[PDB]
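Given next, in structure tokens, is a single chain: the form deposited in one PDB entry.
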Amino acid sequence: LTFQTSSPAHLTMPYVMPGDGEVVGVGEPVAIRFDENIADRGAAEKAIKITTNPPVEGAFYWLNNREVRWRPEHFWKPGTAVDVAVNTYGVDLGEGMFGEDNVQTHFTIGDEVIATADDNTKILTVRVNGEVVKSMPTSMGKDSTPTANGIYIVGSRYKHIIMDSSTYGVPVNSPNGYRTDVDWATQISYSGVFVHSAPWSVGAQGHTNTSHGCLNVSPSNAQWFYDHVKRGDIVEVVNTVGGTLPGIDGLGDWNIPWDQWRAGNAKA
């Protein structure tokens, strides 16, 4: 143990996800987010030791200047134990910025839970370890505001949340603007896509797309999703008229092809 002297305005703290001791889904990447921009990505990666059991090949990819992710080529095998040692204390992270402390977390992978939202059938089907446990009618984004296709990682969940168009730069008082109370909302993208309760589209669920891009389901089905789907589980959207979710979204990691992810984006 060696003390690292510091100087105000030249320290950055790492924050690691998922939580210590947590059980997460098969899509959960290791995430290390710093409270400052990181100039020397190579130094940061060198200081982070991720080990797995059973062992699988994984690699780092930076979503932006603040946050690096680590994942394998394919979804985790259930039961896998993951250990994360962020040994950044005193590490020069570039441009006079030094790691403020170390962090050490461990987590495990739970059941394989993959929910497929098929735009052609307008059914969201939840499969746990391969078996269908739930089929829910859904209404996705209308043609002018479609839901993006791709693999989404399940994030946070809310019993209630406010959808306010003003955080998207759109005044509430201008159709395309809105201030919506929503129950049972499960986040699937940082950009703001959720699976949530939508009593106002129950007639369209299973039939037509009427949403702004979110996956509208019934109140009971949304609560079910809130109760039974956890961080790191997967929602795959297929067959919409939209494009693909950006790989750097925050929950879109799996949309980046393995060869690109593995090659990384730290200087050679």
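Between two forms, the rigid core is the largest collection of C-alphas that superpose within 1.5 Å. Only residues modelled in both forms are compared. All residue numbers refer to positions in the sequence shown, first residue = 1.
One more form of this protein exists, namely the form deposited in another entry; it is left out here, but the text below deals with it.
Checking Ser144, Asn120, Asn173, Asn129 for C-alpha shifts of 2 Å or more between this form and the one not shown, after the rigid core is superposed, gives a single hit: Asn173. Once the rigid core is used as the reference frame, the Cα position of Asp164 differs between this form and the one not shown by 2 Å or more. Shifted stretches between this form and the one not shown, defined as 3+ consecutive common residues each with a CA displacement of 2 angstroms or more after rigid core fitting, are listed in sequence order as 6-9, 164-179.
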